Protein chains: 12
Amino acid sequence: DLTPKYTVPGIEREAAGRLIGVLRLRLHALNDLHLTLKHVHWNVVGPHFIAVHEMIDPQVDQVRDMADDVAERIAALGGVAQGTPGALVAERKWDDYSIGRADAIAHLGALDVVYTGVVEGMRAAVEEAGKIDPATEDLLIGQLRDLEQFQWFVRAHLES
Amino acid sequence: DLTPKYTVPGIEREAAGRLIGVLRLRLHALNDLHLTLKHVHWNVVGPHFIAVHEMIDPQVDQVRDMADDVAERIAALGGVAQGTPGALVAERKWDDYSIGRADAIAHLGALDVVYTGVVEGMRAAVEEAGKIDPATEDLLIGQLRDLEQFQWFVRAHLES
Amino acid sequence: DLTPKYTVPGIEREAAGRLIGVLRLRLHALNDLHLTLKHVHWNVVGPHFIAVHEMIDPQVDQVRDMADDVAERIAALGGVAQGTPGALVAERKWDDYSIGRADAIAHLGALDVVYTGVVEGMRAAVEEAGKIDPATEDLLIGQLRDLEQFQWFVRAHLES
Amino acid sequence: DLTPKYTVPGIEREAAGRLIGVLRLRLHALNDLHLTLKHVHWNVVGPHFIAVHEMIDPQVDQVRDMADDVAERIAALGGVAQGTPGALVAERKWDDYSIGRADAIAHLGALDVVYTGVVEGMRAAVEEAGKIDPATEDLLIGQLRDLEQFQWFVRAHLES
Amino acid sequence: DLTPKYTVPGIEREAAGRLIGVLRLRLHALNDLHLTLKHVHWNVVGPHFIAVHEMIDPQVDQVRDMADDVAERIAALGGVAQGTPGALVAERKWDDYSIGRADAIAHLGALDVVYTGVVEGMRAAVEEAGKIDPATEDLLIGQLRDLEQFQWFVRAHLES
Amino acid sequence: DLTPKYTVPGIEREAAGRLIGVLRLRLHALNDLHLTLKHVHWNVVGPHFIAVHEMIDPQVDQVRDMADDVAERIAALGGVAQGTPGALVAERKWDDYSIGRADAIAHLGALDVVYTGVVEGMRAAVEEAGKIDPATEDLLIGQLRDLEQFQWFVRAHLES
Amino acid sequence: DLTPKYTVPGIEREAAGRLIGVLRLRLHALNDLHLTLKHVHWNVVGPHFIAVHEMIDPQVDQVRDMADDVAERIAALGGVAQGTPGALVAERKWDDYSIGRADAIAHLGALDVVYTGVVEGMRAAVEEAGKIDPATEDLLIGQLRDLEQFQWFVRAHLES
Amino acid sequence: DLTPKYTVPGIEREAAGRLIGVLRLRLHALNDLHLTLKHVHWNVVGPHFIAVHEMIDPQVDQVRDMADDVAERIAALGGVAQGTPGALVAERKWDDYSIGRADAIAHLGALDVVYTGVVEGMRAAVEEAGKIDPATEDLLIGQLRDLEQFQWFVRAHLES
Amino acid sequence: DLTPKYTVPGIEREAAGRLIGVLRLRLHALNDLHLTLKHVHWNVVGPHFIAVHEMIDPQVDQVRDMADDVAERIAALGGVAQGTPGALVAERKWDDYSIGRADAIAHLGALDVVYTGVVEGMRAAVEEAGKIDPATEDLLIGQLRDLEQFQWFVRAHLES
Amino acid sequence: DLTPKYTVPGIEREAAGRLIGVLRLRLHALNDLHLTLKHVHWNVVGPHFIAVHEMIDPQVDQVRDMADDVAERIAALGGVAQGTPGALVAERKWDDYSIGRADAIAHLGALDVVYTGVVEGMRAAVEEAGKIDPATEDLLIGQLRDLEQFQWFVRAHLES
Amino acid sequence: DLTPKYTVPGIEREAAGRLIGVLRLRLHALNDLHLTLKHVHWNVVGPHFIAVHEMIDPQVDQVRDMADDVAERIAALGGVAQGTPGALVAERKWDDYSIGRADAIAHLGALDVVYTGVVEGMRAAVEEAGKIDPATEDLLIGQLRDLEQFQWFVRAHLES
Amino acid sequence: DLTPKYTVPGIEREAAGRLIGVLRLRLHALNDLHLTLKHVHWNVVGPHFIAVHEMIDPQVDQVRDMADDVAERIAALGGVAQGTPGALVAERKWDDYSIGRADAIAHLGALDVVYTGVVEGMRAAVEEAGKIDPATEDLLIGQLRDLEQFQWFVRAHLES
């Protein structure tokens, strides 16, 4: 189904097709996450907005880099790294981020929930990739730890 | 309707609400454009793919910067700079980019059509902004010229 | 009166003298604005002072650069770019910024009022310059948009 | 005549052909100007030559960049950005710069006259472009202001 | 009178209030000095103006940094670092710099007199601070030596 | 007792031994201070934690540099710059910083008390060094002023 | 006991509490290691001291970075990253580094023994973390390899 | 046989000797790979040679860095990191790259076959190292993924 | 005829005049070459245009630097480094580059012929300079080798 | 035999073929030299190994750059720049470097002998190239002097 | 005698003349010191020469900077900063450094004696300047501490 | 006499001893030249002193680099690179630079005479080295051309 014509040496094509499907959905989640982080950066107001900007800037740049790395891994395995928004909205398993112009507590509380979905999805993908290819598993594990640390910074703000 | 509670000094609120609606749709177009440029970068293959990468890299970074500048202008005028993909897909007036894994001619021919839509949309927005606020018109005119030049690089490849 | 002995090619001397008077007062406003921004940076205290520092630092550097560009434009047109404080206090049409040691809300609320005066003054100068010389009008329009965006960051803090 | 086969979206081909002719002559003037500035840098002597070097260095680099931007605009509009010296000498409407080895006053006095021709030519091109395409007009207006400021530095030396 | 509510550990409040008054007037002098240096940079003409620009550029940047350091020292001691021009003009003990558009000799001769006032004021402040707090005395002594060296560069030009 | 076998030229060995003892305890205080600043950075939570991070980062780097400079001065004088934690805990004259996971007010209030101890200790060391060696006194005076300024930033947050 | 109130998504609280205890002791070991490396840098003498400086400089900077990463991981898991020296001395399972002023062979021989303890401790922590959370295991494995390589550089000096 | 006299703490000497043999052959493969990549860079001609240069440059630099990291790991484990060409030619299990001066398709087709051998060899080494030492396995897994991605760029060119 | 009034120490004036004539024509050739390279960069189209841009960019910058070095050598020898286009067109011994908007093969084939003329001219100048002054011969020999290497990159594209 | 189909302008094909043979063997020697320098860097141990690392690092980078320059010169002349190890071992006129894990004196003594062979080979190549083409002779002479200076640093260590 | 015509404000001319004489001899000592440090760098051989290079490089650059600062202070005070070697040899109160080609112990032992003379001379100059001008005293005290620290690095090598 | 015990491969010891004597005197001339350039920088006054500073700064840095390169060449050949001022004054064949505090014309006129001596000395050394070793001749020829160009900048100021 997503089975490629050829793939990376040492991986069977059928197994690569299943890894491609796992990475395709992680790529959707990372693309939706950096769109959401920018949305938060643009629409946060109130006395903590500078702190949200300072926190989110480096996360947006790092999440965009994660997406590039997962996409190029898809391509290497023989798949299509689908990056268009129509496809993302058609295939995702979560709803649009719903906060508009709002203070930091409102945005950060909602972004914490966004990150729970992302990190749980990545933790499931790590388990599936670990059975098919340790190079892709290793890629996902480093990104999972960075995403959990970005979530911790969001949570630390909400603590007390 | 999009009329803000307050806006930039010297601009009437009702006129700001109309400028907000114009910039909201330009922001959708710029967000869809950098998602599309990344999609092309990830999925171009064949003997010209390195040239497409070299052309598209700086365009992705510059288009992401244009989106930030239009979004912060929306925010300053009193509007919501909507950056989520569900809203973009619900409000846009064009279809998803449709090329998957493909050679440079296929991608560049389709990206040329994408850019015609963007530059015509920006040229219309320049005319509307010029009647409401010269600072926003000046922002859009500099971005229009850069987008047309990015389109020229795409077209030059297809020439002959 | 401010009519120069010679001016930039293509501009009449009498019209240049009127543009010189418009830019002389904008230069006073920009000089008073960066003195005021430094005053705020030095005297803000309380739990948001780091956020005020982070916001104001880049504004001070950019406003100092705007002043240099308006001054060199005055010089090119044949006028004196008057930068001394005695003259600024004698010719300005606004009062000294009045907040001493104080928290962010007090400073930012007063700085918002300062910026309304600056941006309204710049918007009036844009209209006058547009009738005399499009190169000077274009200079002022780019600075107006940056000043309005700096005002938005001040306002966003006070929102809610 | 200079009418292109196709041009930037939203501009009629016949109007683009006239804008191409206007930009072609501005490109000749900018190319002759940076050749002339280098000639001055290489052949100025006497007790002010270090000051002429310091003034002219950044102008040469900026004028070379202006030429690239006008040339790429010509190309985008569908025209030939003609950069060879035989064509420049055949089409220009001014004479060769005539000062050889000479002191700063001699060179700067002649370069001031060169710049009057350039800035008047650019001011005329701005008016023509403003009727055909605001993106090209905006390009030329920013270059005009920088050229007038470079002329002011040349004039300031000769003042007294 | 300027006695603070609290001050740096190890310094008595009454003595801190007197040190605050000494630093407040030095801050006025440094603020007026960088406004004056910019005024000179903007309004110097004639065959030595490039040399004045090259000399004054680094002095303006360094004097602005000195002002920040004295202001933050005032703040640490418990005082208001007053940076507005109305207050500077009301409290200063010298007149406005009086040279408009003029050649280097005119400006440099007047700036030399400005610096004599600044360096004598700083030398008096060093003596007063040395009796109250060696950390503030050490700050002022490093700035005094840099200011005297900037004065030497101004004087060297006028020598012969 | 701490009397070295040889020391810097121009200083008597017995006096160097007393200066070594003074610097050894200042080195303990600086080492405990950067360990404490890192502890605060790692364990601050709540809506001001980003501001505490931004404040403490540069202080940690600068305090680590102060420790290196005092240690190398000890070494030059002929002493052992003791940097291990067992020795620091055995020789220090203050208790462990006691705040765990906590908001900015809790940490900053405790860090202010830490800095009072450090700056009073440094002010006493300056007086002792000034009697033995002006080069070591000058080192300590520059560090004292920076530490007091770092304390002011901590205090400014707690003001109101 | 160290069981947190909440932890990273996908990890049980009780298991997180055990991982927190493992990382708390690794953080003590890394903090004691960079204090020890600085102690060696400050107190090495003799004809190989420049080589010890060149070797230890980058290790100190990298070990300080490892400590930050383990501490922020503790914080994300819900624990206290304890960084104070009293606690480190109370909880560690090794003695203070015991070499004072000494040549490279003496220091490097003792530092080799220090590193054996650190790398064995890290190898045990990797095994425990691998059973609880692959993201924390992956963090520790990259640090283990760098620490073993730093130990090799220390050993290579002592070889022959 | 390759059993070292001593090795990294926590690894048995006999097992280290087997890991040394595995890494010795991977080092030969990486050394032959960067020699081969340079050979391709120097001898590619035809209309795609600039694209091959742009692709291969960063690969040569990264492969040279991989070789350094594997060699230093060998050294740490107690082995000889053999880097001379006589030994590489005597011990390798593949033939010399055979393409001389040739177009991109010829070189890239042959380099794809080279990379299949390298990545299969690295995937086998990962499995062997994973049984002996997770730090060396982790090193090899990150290099495997980068090598497979470099192979994908070579393959993408040949696609269609 | 081109005999200078004075020249570099150790060179006879008459011989310097002949070296000046040789360098004057090489300066014309280098000036026409960088004008031609820019012309090619601006007017190349088709599927290889990005590769031509990447090749020509560094050549334009390096050829402009060669021209500066030959011009300053002319000046040092006592001659006029003539840089204006009227003089270049009057004195050159080759025709204007004749390709307008065209694909890479057309431009590169013509640029190869341009470079043959330049490198043969430089090789003749090296022989003449070698008889008059080894410092000028050494300057020309380094530029000849770089020009031949730039020609090789142009030729490599056309190979097959 | 190595006679190329075409070569650099101004050089006869038969003479180019002989220069190609001379440069082909120098390229082998430079390739074997940087492989050997890396081998030494990886396998030096004992109390001077940091000094050998510091000496050899810059030599490896510079020797790799020399190889690129000789290879591109071969290519320009019409030859194959052979970079594979099988060919190097088949064509070289010296034996493999024979020192494994060893102290600095052992490695440096052997590397000195390696460099004698390289510099004598380069000095012979300079004489042959000087008869065929001064641009290639000039390339080799600059590399010879750098290689002799690298040999001096190796020898200086062994002196006494 | 060295009494200047005018001097820095606030210093009597006769006292300035005595300070000029003190700084003139310190400038000789700093000039002779950086000539001597270069001499050592160029002529050290044996197994520690790389360590001497690494130590002396930064000292040469810093000592050259000290000389510039003392010279510009002399100039500001109204004196001649004498930098020629004939004058240095005629006025100095020490002999030429006497070690030629030699190992590190020989050079470092002699350089230690050189530094004792420099630091004792600087300590005497600090005492004399402290009575005339605190700005010059402060300059000399910072340089004294850096020179003593450079001496410590030389001594540390000789320790044991 | 200056015959070394051993020298660079391929050069006879007796010939090396004569080349060492030639380079020893060139090193004296370069050392005296950068001491003289600093002397001029420190003691130039009057309305052109900023221009002299701007000209001389880069020359001092480049002449110091030339001295290092000649000294390391002496060392490689087996000689002593003598850098002390007593030896320079004893062996030089020219007098001390004689201008004290003076305007640019006085200094530049004298520095022009200094450079004539240096460049004539270097031109003689080039001829002698060319007979013994082309690598040393090539070093001296590049330095000669840079020195002549530095002399041209000094002369250009004095022209008219």
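Definitions and limits used
- Residues numbered from 1 in each chain as written, not as in the entry; some residues may be left out.
- Chains lettered and ligands numbered in written order.
- Heavy atoms only, no water.
- Residues with missing side-chain atoms left out of burial classes, pairs and counts.
- Helix = DSSP H or I, 4+ residues; strand = E, 2+ residues; numbered from the N terminus.
- Rg over C-alpha atoms; globule rule 2.2 N^0.38 Å.
- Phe/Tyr/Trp six-rings, centres within 6.5 Å; stacked < 30°, edge-to-face > 60°.
- Least-squares fit on C-alpha atoms.
- Contact = heavy atoms within 4.5 Å.
- Buried area = accessible area lost by both parts, 1.4 Å probe.
- Salt bridge = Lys/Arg side-chain N within 4 Å of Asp/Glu carboxyl O.
- Polar contact = N/O pair within 3.5 Å; in protein donor to acceptor, adjacent residues only side chain to side chain.
- Nonpolar A, V, L, I, M, F, W, Y, C, P; charged D, E, K, R; others polar.
- Buried < 20%, exposed > 50% of the residue type's maximum accessible area, 1.4 Å probe, protein only.
- Patch = residues over 30% accessible without salt bridge, like charges linked within 9 Å, V, L, I, M, F, W, Y side chains within 5 Å.
- Areas by Shrake-Rupley, 256 points an atom, 1.4 Å probe, with all protein chains shown as cover.
- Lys, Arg positive; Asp, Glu negative; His and termini not counted.
- Charge placed at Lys NZ, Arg CZ, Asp CG, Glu CD.
- Axes fitted to C-alpha atoms, helices over the stretch in contact; angles between N-to-C directions.
- Parallel < 35°, antiparallel > 145°, perpendicular 65-115°, else oblique.
- Left-handed = near helix turned anticlockwise from the far one by under 90°.

J.: Mind laying out the overall build of chain A, listing which residues take part and the relevant values?
T.: Helices and strands together make up the secondary structure of chain A, namely 5 helices and 0 strands. Counting helices and strands in the order they occur from the N terminus, chain A gives α-α-α-α-α. Here the C-alpha radius of gyration of chain A, 17 Å, is about what a compact globule of 160 residues would show, namely 15 Å.

J.: Residue-level account of the packing of aromatic side chains, with values.
T.: Here a ring pair, both rings aromatic, is described through the centre-centre distance and the interplanar angle of the planes. A complete count under the given rule lists 12 aromatic pairs over all chains for this structure. When the ring of B:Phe49 is compared with that of H:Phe153, the centres are 5.5 Å apart and the planes differ by 85°; the resulting orientation is edge-to-face. With B:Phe49 in helix 2 (residues 49-77) and H:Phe153 in helix 5 (residues 134-158), the pair connects residues from two separate chains.

J.: Give a detailed account of the relation of the copies chain D and chain E, specifying residues and quantitative values.
T.: Rotating chain D by 120° and translating it 0.0 Å along the rotation axis places it on chain E, where the RMSD comes to 0.0 Å. Put plainly, the chains are arranged around a three-fold axis. Within chain D, D:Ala51 has its C-alpha nearest the rotation axis, a separation of 4.0 Å.

J.: So, the arrangement of the chains: which residues are in play, and what are the values?
T.: At the level of C-alpha atoms, the two units chain B and chain E stay apart, their nearest approach being 24 Å. For the non-touching pair chain D and chain G, the nearest C-alpha separation works out to 40 Å.

J.: Help me get a handle on the interface of chain B and chain A, residues and values and all.
T.: Counting from both sides, the interface comprises 33 residues of chain B and, opposite them, 33 residues of chain A. For the pair chain B and chain A, the summed buried surface comes to about 2,700 Å²; carbon and sulfur atoms form 57% of the total. The interface formed by chain B and chain A holds 2 salt bridges in total. B:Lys38 is the partner of A:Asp68 in a salt bridge, and the nearest nitrogen-oxygen pair spans 2.8 Å. Across the chain B-chain A interface, the total number found is 18 residue pairs in polar contact. Looking at the side of chain B that touches chain A, the elements that each hand over two or more residues are helix 1 (13-43), helix 2 and helix 3 (85-91) of chain B. With 10 residues, the top contributor of residues to the side of chain B that touches chain A is helix 1 of chain B. Its residues assigned to classes, the side of chain B that touches chain A shows 13 nonpolar, 12 polar and 8 charged.

J.: Break down the pattern of salt bridges for me, with residues and values.
T.: A complete count under the given rule lists 144 salt bridges over all chains for this structure. In this structure, H:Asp133 engages H:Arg73 in a salt bridge whose closest nitrogen and oxygen atoms are separated by 2.6 Å. Taken together, the residues H:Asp133 in the loop between helix 4 (104-130) and helix 5 and H:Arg73 in helix 2 (residues 49-77) connect sequence positions 60 residues apart. The pair H:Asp133 / H:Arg73 is uniform in exposure class, with both members buried. A salt bridge links H:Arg101 to I:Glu159, with the shortest nitrogen-to-oxygen separation between them at 3.0 Å.

J.: Explain the interface of chain D and chain E to me, and be specific about the residues and the numbers.
T.: With 9 residues of chain D at the interface, the matching set in chain E holds 9 residues. Together, the buried faces of chain D and chain E total about 870 Å²; carbon and sulfur atoms form 65% of this surface. Across the contact surface, chain D and chain E share 1 salt bridge. There are 2 residue pairs in polar contact connecting chain D and chain E. Those elements that place two or more of their residues in the side of chain D that touches chain E are helix 2 (49-77) and helix 5 (134-158) of chain D. Here the side of chain D that touches chain E is built from residues that sort into 5 nonpolar, 2 polar and 2 charged.

J.: With reference to specific residues and values, describe the relation of the copies chain B and chain A.
T.: The transformation that overlays chain B on chain A combines an axial shift of 0.0 Å with a rotation of 180°, and the residual RMSD is 0.0 Å. Such a turn and shift between the copies fits a two-fold axis. Across chain B, the rotation axis passes nearest the C-alpha of B:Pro85, at a separation of 2.9 Å. Counting the interface residues of chain B, we find that 100% of their copies in chain A are interface residues as well, pointing to one common contact surface.

J.: Go over the environment of B:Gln149, please, and point to the residues and values.
T.: With respect to the element layout, B:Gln149 can be found in helix 5 (residues 134-158). By relative accessible area, which is 15% here, B:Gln149 ends up buried. Discounting residues that sit within four places of it in the chain, B:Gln149 has contacts with D:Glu72, D:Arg73 and D:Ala76.

J.: Account for unusual backbone geometry, with residues named and values stated.
T.: Although it is not a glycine, D:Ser160 sits at a positive phi angle of roughly 125°. With respect to the element layout, D:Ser160 can be found in the segment after helix 5.

J.: Please set out a negative patch on the surface residue by residue, giving values where relevant.
T.: All names here are of chain A. On the surface, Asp-57, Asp-61, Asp-65 and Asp-69 cluster together into a negatively charged patch. Summarising the element assignment, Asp-57 is placed in helix 2 (residues 49-77). By relative accessible area, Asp-57 is classed as partly exposed at 34%.

J.: Could you give me a rundown of the packing of helix 5 (residues 134-158) of chain F against helix 5 (residues 134-158) of chain K, with the residues and numbers involved?
T.: Running from N to C, helix 5 of chain F and helix 5 of chain K cross one another at 100°; their axes reach a closest spacing of 9 Å. One finds that helix 5 of chain F runs roughly perpendicular with respect to helix 5 of chain K. Note on element contacts: helix 5 of chain K touches helix 5 of chain F through K:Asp138, K:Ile141, K:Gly142, K:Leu144, K:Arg145 and K:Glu148, opposite F:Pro134, F:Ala135, F:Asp138 and F:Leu139. Taken together, the residues of the contact of helix 5 of chain F with helix 5 of chain K sort by class into 5 nonpolar, 1 polar and 4 charged.

J.: How would you sum up the environment of E:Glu12? Please name residues and give values.
T.: Residue placement: E:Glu12 occurs in the segment before helix 1 (13-43). Sequence separation between E:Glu12 and E:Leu144 is 132 residues; the distance between their C-alpha atoms is 26 Å.

J.: Residue-level account of the side chain of J:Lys38, with values.
T.: By the element assignment, J:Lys38 lies in helix 1 (residues 13-43). Leaving out residues up to four positions away in the same chain, J:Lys38 has contacts with H:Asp68, J:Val60 and J:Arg64.

J.: Tell me what's going on with the environment of K:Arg64, and back it up with residues and numbers.
T.: Within the fold, K:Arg64 resides in helix 2 (residues 49-77). Once the C-alpha coordinates of K:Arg64 and K:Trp94 are considered, the two residues, 30 residues apart in sequence, prove to be 19 Å apart. If sequence neighbours within four positions are ignored, K:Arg64 has contacts with K:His34, K:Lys38, L:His34 and L:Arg64.

J.: Describe the packing of helix 1 (residues 13-43) of chain K against helix 1 (residues 13-43) of chain L, and please don't skip the residues or the numbers.
T.: Between helix 1 of chain K and helix 1 of chain L, whose axes approach to 13 Å, the crossing angle comes to 150°. In terms of their interaxial angle, helix 1 of chain K and helix 1 of chain L are classed as roughly antiparallel. Our pair here, helix 1 of chain K against helix 1 of chain L, has a crossing hand that is right-handed. Across from K:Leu27, K:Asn31, K:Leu35 and K:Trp42 in helix 1 of chain K, the residues of helix 1 of chain L making contact are L:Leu27, L:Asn31, L:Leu35 and L:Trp42. Class assignment for the residues of the contact of helix 1 of chain K with helix 1 of chain L results in 6 nonpolar, 2 polar and no charged.

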